[PDB]
Amino acid sequence: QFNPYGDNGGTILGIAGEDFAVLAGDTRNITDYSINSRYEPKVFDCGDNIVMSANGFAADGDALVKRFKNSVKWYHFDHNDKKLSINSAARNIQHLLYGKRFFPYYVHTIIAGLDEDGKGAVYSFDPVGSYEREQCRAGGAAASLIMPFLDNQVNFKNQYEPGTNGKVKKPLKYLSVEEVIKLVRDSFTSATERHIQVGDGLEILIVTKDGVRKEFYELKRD
Amino acid sequence: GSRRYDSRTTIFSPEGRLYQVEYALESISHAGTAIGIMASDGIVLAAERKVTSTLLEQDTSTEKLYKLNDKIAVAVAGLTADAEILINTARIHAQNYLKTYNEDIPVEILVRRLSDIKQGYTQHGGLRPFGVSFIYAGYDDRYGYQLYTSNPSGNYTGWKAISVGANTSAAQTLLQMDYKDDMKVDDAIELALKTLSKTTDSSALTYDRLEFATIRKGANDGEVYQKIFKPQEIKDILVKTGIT
Amino acid sequence: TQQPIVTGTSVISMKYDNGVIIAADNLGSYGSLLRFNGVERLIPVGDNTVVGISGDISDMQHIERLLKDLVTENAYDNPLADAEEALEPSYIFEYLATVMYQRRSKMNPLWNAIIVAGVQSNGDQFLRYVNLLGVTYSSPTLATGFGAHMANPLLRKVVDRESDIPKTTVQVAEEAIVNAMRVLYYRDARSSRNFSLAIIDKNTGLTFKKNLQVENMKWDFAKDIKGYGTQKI
Amino acid sequence: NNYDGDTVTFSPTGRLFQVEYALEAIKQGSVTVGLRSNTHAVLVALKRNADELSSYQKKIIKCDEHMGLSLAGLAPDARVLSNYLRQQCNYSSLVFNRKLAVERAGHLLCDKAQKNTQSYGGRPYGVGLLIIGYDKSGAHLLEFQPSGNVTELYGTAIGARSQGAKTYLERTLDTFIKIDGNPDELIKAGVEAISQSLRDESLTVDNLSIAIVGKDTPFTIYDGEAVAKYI
Amino acid sequence: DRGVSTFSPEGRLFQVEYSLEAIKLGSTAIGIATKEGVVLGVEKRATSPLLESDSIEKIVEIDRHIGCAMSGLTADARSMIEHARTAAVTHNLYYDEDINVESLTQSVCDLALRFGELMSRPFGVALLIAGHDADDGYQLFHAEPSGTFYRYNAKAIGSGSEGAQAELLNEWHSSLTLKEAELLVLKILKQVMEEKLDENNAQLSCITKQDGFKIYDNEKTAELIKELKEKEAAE
Amino acid sequence: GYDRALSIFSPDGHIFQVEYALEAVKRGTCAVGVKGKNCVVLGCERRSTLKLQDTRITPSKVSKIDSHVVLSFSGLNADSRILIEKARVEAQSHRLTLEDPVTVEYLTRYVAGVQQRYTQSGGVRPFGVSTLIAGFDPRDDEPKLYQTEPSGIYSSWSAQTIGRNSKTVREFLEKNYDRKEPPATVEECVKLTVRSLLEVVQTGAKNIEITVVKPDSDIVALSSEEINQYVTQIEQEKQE
Amino acid sequence: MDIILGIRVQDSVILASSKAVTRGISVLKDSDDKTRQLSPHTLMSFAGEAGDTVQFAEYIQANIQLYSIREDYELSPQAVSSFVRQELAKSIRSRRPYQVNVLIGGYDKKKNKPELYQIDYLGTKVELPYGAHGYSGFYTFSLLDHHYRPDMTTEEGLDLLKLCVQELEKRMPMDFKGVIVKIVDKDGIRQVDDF
Amino acid sequence: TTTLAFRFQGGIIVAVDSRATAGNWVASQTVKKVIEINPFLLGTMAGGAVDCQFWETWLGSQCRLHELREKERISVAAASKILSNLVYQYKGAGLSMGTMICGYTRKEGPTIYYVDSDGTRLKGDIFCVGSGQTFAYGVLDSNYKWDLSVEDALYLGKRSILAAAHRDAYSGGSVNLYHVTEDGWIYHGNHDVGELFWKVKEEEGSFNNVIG
Ligand SMILES: *[C@@](C)(CO)[C@](*)(O)[C@H](CC(C)C)NC(=O)[C@H](Cc1ccccc1)NC(=O)[C@H](CC(C)C)NC(=O)[C@H](CCc1ccccc1)NC(=O)CN1CCOCC1
């Protein structure tokens, strides 16, 4: 019987700073035990300082990104070139996903950018449209590997102040873009080591008020 | 396009009248007179056939009086073909009600639905209205014996005695003169025939130019019987009242 | 919901310095029966694109007709149909990709794996894959079916990343493709010896080679192999 | 007279009066000018107001990053036709990953307007459009009429007193066509062209509406203080 | 007869032009836009003294940040308001934000020309749509049955419109306060109204960023009417 | 389907089909609504050119839409049935979804919305009917009286009349009804309603129908003798 | 939903309906009234699939109330039961049938007789002296076969009903949290508050 | 999920956890399971996350349209019935929702309605909904009285979620508290179970099963 879904592997990662946000994703694309491409980008600039990635089944991922990009275009046409805010984009994406509630897009979607106060924002979606704003989110094949590391290093979970008898927590603070990129690179090298569908290359999209910058790093190709 | 040839059958005049309904009523006023008279122990339906020919088969004929179910009948005035369309619908409606509730349809409910169909043709669809006026004679266990009339407008009203078709003005005056509330069926039979006999456009009223029917409780104990009169039975009742 | 009947096996391809090469054997299999032997599975569109198709042949023929009709439709009210407004490989691919995904979404797929090879108007090499699921990807080397498992490893030794493309000539690239076709004939049970090969170069244009054969095969060592373990004769 | 009740009727001389009356709605509309060089294409539009308390009716609409038009006549009809163009441009992008040719855009508008002139019940569009764009064959300018007739031109003008600007552009043809790699000068030529259609009124800051598209310029519209440069 | 969507020889749609005559017969409605808010006022015009004037609803809320006044065949406005409200709420559902006043007006005006041989005739009512958004601030729009809408600093529609508009031309300036605008609507309404203006036959409303759209009480308007009469007698 | 635009604008800005529907209302028998301090009374004329009528079964002029709301009308009788039916269906639908009976304003707004829809829908003519809708909102003791008309406009009235010679009875009500002090009791409200109809009717025999609605679904129709007592009382006070 | 009983006596119809609403391993409510008044002298109890039960009951209620207003007249229990049966008979061959079983207890004012109708989700109607739906019948029918007499009073019927509830409380696996008892007679419908 | 809401002398308490799971994978510890429909209406969420989230914010839009059309805030009964009638249309399609519509109006007073995805709609004084509902019931029922003070009622609601958060593997994260009065709903903070458990253990002397 024809199975309309497939698994293209890969993993993605979104972190929000004080005045910036990053959305990272490996460039490996796979089916079963075969590599289809070592450089197939799945993190896209969608305009209005919104970056997006829909990881999982690539056909559904591309379809979604394509539809959201198109939604941004028509938002301009219908509302006098108004900038689509990240919160409005998130709500719009929910309706895109939930529109196919009974034949879902097989993807973990993450978007990143700046909120209307200029602060870093990351939103994450389940396959059928439930969303939540967070400081931190890993998605895709190696999400279960990376996410607990992020809880520990970004949100300082389970870390107490030394000598305080486990009474005072390590205080929350925003990370610099330099520190965030260190965590992203270490997260992906660790994921590459222990997950077979993750590797080849890492592509990070950084979002500030100045625009969308890109950075690329090699990953192990085995 | 086709706009050019549209008569616009469902519009108002400047005076607030429906042209086609008014002209349908004008048509009905040339149809053979039909009279309904409601007594305390039954209902009489009497109707005059439209200028009969001597070679017309009289006994196997039905023009004016139709049966809707065992408890309800109608007298027709207007286009017979139009009436039969509505009669079959009314017959089906009665059976739908019986099938749904396991009870014979109350007279007014049937009358309202048939009148609602007529109304529809005056408000939407762009079709001509039905050129028909009915006299409904029937019985149910709520209101007992009932007479109604409906016309092309889809408006219906209840009556003790009523006429439709030709010479209703003269016929209604004569009924209003001799009718009284404690009247019996046999008296109503006589009134119906006497009224037609005076209002007729013919030279003399005869059996071959009439249709007649009664709805009595004259069956055996607490049940209603419909009697559509045969030619010979009309001949006898016409002699019995001294018209011929 | 379908099942493929008459099928075509691997389509293999790679980029080189001035263009792209694509190849596919001329077999139309009917399960284990090697039914049809004159099947052309490389279909040129214009003078700048070749679409290689594997999978169901009835659906391949349907796709042929769509591409044929696309050329006709593009020519309508188009004075620049053979110039600036000619069909690009990227246009042809995106059209097919749209159709493939629409058909999978209606639960009635075209049971194919497709590789669109060509050269864009600006000279850039175009090589992209699409299949029955509407999944798309691009790479310096692309292959379908058994080609993905056996050809890609061999072709990736020549062009392992983007920077290896300018260093790879058409002679070296074609040699690797022809070698890969031999390996597939050794190891794929639904492959044939006869195949077609197409080169799309930004200078010399479209070169379509028909009736090629696998050759220079190693079979002599078979005579020494006796039994399955012990046996000496 | 007797043959103008609807679009489906021909006159005895072979005229379609409803189409001609729709054409008349354009003549009443405010003037708008179109012109192009080899590198850029420019729209200039005189906006009209109801009174001093009202805003000035926006004449120019964007269809894609590389295409857009100006209107003269019934504005709602322009909105319908522009929306249709937006969809067609967008269909070309999503399906073929291909920017819609400005010539095809004209063919599509022609065929959409035509269907409304041959069927009972419908009416012709009551608006004229000047479509500019930059595609794979360079800069373009089209003139759309609701009869269905679309015409590719170097320059033109539609609306009330459009003959003045149209005569000017016919004289200036050899000059403005060679304004290559210079946006501001091509606009100046368009602003001077539309000035030939003015009577009693002059070009003010909230009156003038300019748009441009070209080689390294997406379709963008200029209003308000952004057009003060050209007065 | 003749087609509903027919052009006149002058290049206008007959039915649209005839609907504009119906709007001229309607009761007066005035809107004034300021930097402190937008004021909307209407003439109620009760046909008889037995009619309970507070049931005359010619000023209407579309959303918290958008209000609407009407003039003409006011029964035709009901489906327009219903569409506007649904448009406003639907946009909030899809985008988690308030909808722009212009976009709302454009959505309403898209219904206008959806008539022919869709509904059987154009609307016989004009609307004044007042509101606020973060981008373009306080706005007033005049939505016609032609499908056209103009933004206005001030606008009058209905029977006394041409006289009231000429008055608004002289009186309006860019530095008007909200209180000044309130009195100005009352002043101009009292001029063009047939019967004498009071709190029962005239209604005020406004939309501000802080408090949103509010229809004024008859007690609040009565004090503004009294304040207006005193100021005119004071010079 | 039949598509013709029957209701359309004329050069002077009038919709003649809607205005001709008002003429049908003007032809219809007179109907009056008067609301007191704790009640509403709906009075209706019945023309006396129809003798030999059966008043048991003849459709009554005042119709119950729900147990707490009533609807009378003037104009085409057949048209009124369609509006009444729709109103009754909407009343039950409202109870089903909102778990609360309709307000009189809501029910009026619905009926008025139906009438309006028929003034700009293709293939249909307007209803030749104006209605008076009266009752009490759930758990409320404030009397409600509303009027609708073919165009689709509706409004609340302290007292109102529609139909033939309605301008005469409206003239009467305008001077005899005090806003500051409405009829304090049921008797006062009925009497004022009967008085107003006696300006127009002819005889106070079987020509006047009176229906009294009180709070908490308390609706009752008066009989001939009960109404005749008001007619007898009014005439004796008149001779003065 | 689970237990609905009905007993027709000399001058009235008595309906008893369990108060428990259970979902999974939790009794969510113990005061649920599994009945709707269709008309002043007609009461319908119901049991079956969650959601369907109330949705169906209220849909029937609306229709009967609509009829009552239109005709200014109360439909007979027989007429109501026939209407309900037909709706279920339509439903069973729908895309998604109403999985609802009902008892209709009514007092016919024209006949001056109480009437009890049992109708299952298939549209199977029967008039009975006593009725039950679900597993209740397996205990109550035999009990009533023994103790029921056609000429009993309302008070005798309530004692007979107590005997059923006691037996069910003894032998039924599930805790149904007692019953709400309602009486339908010539004076209309009233609830017994202490049972 | 674990959610509860109970009616008492001083109005309505509403308490929920904040965990979201995909099988045994803890997907989030910071989910908002209370939807603020208007200043007088709350909705709780349990079951399929987007099913709840989507349709309850849709419910808020419908409630807004009601007060625009009717010039009056919607009743709790009518608001709950819009949702129950909606999910009933989808019955059999596979929606997964266990919701509670809580609020105050003049005509009704404080009111709670349980509404679930198979079409069940129930008015009541106490409900617990979710995978850890039974754990919440155990503590809530055994300590519930109508005459609880606002302070004690808030704590009992908090303590009941904590009880479920502890025992139920698919509940946890933090406790969100709400108090509904005649003046509307009042938020009473986010309480992380990480700190709350030890604080409650020490101060109350409970949770003796755990290694102190
Ligand atoms: C308690 C915590 C447990 O039930 C509560 O009931 C909460 C309710 C809150 C969040 C409103 N329920 C859940 O967390 C709920 C449990 C559940 C899961 C599936 C069906 C019913 C109930 N979890 C979800 O809904 C999660 C939401 C978070 C963001 C992950 N979603 C999923 O599990 C999704 C969508 C499930 C689904 C529902 C209906 C149709 C299609 C799909 N599924 C995945 O993300 C799949 N999975 C993620 C891991 O990577 C492999 C793919």
Side-chain angles (χ1 to χ4, degrees), chain D residues 23-48 59-61 63 66-73 78 102-103 105-106 109-110 127-135 137-147 149-204 207-215 217 219-223 227 229-231:
Chain D
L23 257 41
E24 196 63 31
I26 301 165
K27 260 70 78 71
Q28 312 303 342
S30 189
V31 68
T32 178
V33 176
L35 81 170
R36 74 163 188 88
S37 72
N38 286 292
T39 60
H40 296 77
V42 172
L43 285 170
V44 185
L46 180 72
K47 295 185 286 189
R48 183 176 285 167
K59 303 271 278 168
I60 299 166
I61 304 168
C63 287
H66 70 97
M67 200 194 300
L69 63 277
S70 70
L71 67 98
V102 179
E103 201 178 310
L109 287 173
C110 164
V127 73
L129 305 167
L130 304 178
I131 304 96
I132 59 165
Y134 192 92
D135 61 23
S137 71
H140 297 279
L141 166 65
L142 266 50
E143 185 187 325
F144 165 88
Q145 273 169 221
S147 59
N149 291 291
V150 179
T151 304
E152 185 167 357
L153 295 136
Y154 291 115
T156 185
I158 51 166
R161 282 159 276 145
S162 58
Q163 188 58 273
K166 197 165 185 177
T167 306
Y168 168 91
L169 291 165
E170 203 165 17
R171 288 173 49 257
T172 325
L173 178 54
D174 298 317
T175 310
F176 76 79
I177 190 62
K178 287 184 301 202
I179 301 172
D180 298 342
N182 199 174
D184 287 31
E185 280 296 320
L186 220 190
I187 293 163
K188 272 182 165 177
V191 172
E192 185 167 310
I194 196 162
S195 297
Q196 309 307 315
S197 301
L198 299 171
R199 286 258 274 283
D200 298 45
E201 191 180 17
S202 58
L203 304 173
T204 78
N207 184 16
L208 185 59
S209 194
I210 302 161
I212 184 161
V213 68
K215 194 188 184 191
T217 320
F219 187 94
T220 47
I221 308 167
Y222 298 120
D223 293 308
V227 304
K229 189 198 289 91
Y230 304 99
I231 303 165

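Atoms considered below: every heavy atom in the structure, side chains included; atoms not considered: hydrogens, waters and symmetry mates. Note on naming: letters A, B, ... go to the chains in the order of the sequence lines (proteins, then strands), and numbering restarts at 1 for each one.
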inquiry  = Donor-acceptor check, side chain of D:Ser37 to backbone of D:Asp180, threshold 3.5 angstrom: yes or no?
reply    = no
inquiry  = Looking at every heavy atom in both D:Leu109 and D:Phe144, which two are closest together, and how far apart are they?
reply    = O-CE1, 3.6 Å
ask   = Between D:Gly68 and D:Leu43, what is the shortest heavy-atom contact and its length?
value = O-CD1, 4.1 Å
inquiry  = Using 0.5 Å steps for rounding, measure from the OG atom of D:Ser70 to the CD1 atom of D:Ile210.
reply    = 12.5 Å
inquiry  = Counting neighbours of CD on D:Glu152 that are heavy atoms of other residues, nucleotides or ligands and sit closer than 6.0 Å, is the number greater than 12?
reply    = yes
inquiry  = I want to check something: taking the side chain as every heavy atom from C-beta on, are D:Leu129 and D:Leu71 in contact at a cut-off of under 4.5 Å?
reply    = yes
key: CG-CD1 distance between D:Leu186 and D:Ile179, expressed to the nearest 0.5 angstrom   = 4.5 Å
query = If we only count heavy atoms from C-beta on, is the D:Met67 to D:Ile131 side-chain gap below 4.5 Å?
reply = yes
ask   = Does the side chain of D:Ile177 come within less than 4.5 Å of D:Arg36's, by heavy atoms?
value = yes
ask   = Do the side chains of D:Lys229 and D:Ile187 get nearer than 4.5 Å, heavy atoms only?
value = no
task = List the atom of D:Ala165, the atom of D:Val33, and the distance in Å for their closest heavy-atom pair.
result = CB-CG2, 3.8 Å
request  = Using a 4.5 Å cut-off on heavy atoms from C-beta on, say whether the side chain of D:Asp184 contacts that of D:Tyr230.
outcome  = yes
Side chain to side chain, D:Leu198 and D:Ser195, heavy atoms closer than 4.5 Å = yes
message = Let's go through D:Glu103 and D:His140 carefully: what are the C-alpha distance in whole Å and the side-chain angles of both, what is the deciding distance for side-chain contact (heavy atoms from CB on, under 4.5 Å) to 0.1 Å, and is it a yes or a no?
response = CA-CA 8 Å; D:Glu103 201 178 310; D:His140 297 279; 5.8 Å; no
side-chain contact (heavy atoms from CB on, under 4.5 Å) assessment of D:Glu170 paired with D:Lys166 = CA-CA 6 Å; D:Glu170 203 165 17; D:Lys166 197 165 185 177; 5.7 Å; no
task = Search all heavy atoms of D:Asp223 against all heavy atoms of D:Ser209 and return the closest pair with its distance.
result = OD1-OG, 2.8 Å
task = Carefully, step by step, assess D:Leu203 and D:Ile194 under the rule side-chain contact (heavy atoms from CB on, under 4.5 Å).
result = CA-CA 9 Å; D:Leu203 304 173; D:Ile194 196 162; 4.1 Å; yes
query = Distance-only, no hydrogens or angles: does the D:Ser30 side chain make a donor-acceptor pair with backbone N or O of D:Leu46 under 3.5 Å?
reply = yes
ask   = Roughly how far, to the nearest 0.5 Å, is NZ of D:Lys178 from CG of D:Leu173?
value = 10.0 Å
task = Taking D:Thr156 for its side chain and D:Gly34 for its backbone only, find out whether a donor-acceptor pair lies under 3.5 Å.
result = no
key: Nearest heavy-atom neighbours spanning D:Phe219 and D:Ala211   = CZ-CB, 3.9 Å
query = Could you go step by step and tell me if D:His40 and D:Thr217 meet the side-chain contact (heavy atoms from CB on, under 4.5 Å) rule?
reply = CA-CA 8 Å; D:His40 296 77; D:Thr217 320; 3.5 Å; yes
key: Enclosure of D:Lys188 NZ (heavy-atom neighbours >12, cutoff 6.0 Å)   = no
request  = Quick one: closest heavy-atom pair of D:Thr32 and D:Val44, and the distance?
outcome  = OG1-O, 3.0 Å
message = For D:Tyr154, I'd like to know if atom OH has over 12 heavy atoms of other residues, nucleotides or ligands within 6.0 Å.
response = no
message = Side chains of D:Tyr168 and D:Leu35, heavy atoms from C-beta outward: is any pair under 4.5 Å?
response = no
query = Do D:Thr172 and D:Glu192 come close enough that some side-chain heavy atom pair is under 4.5 Å?
reply = no
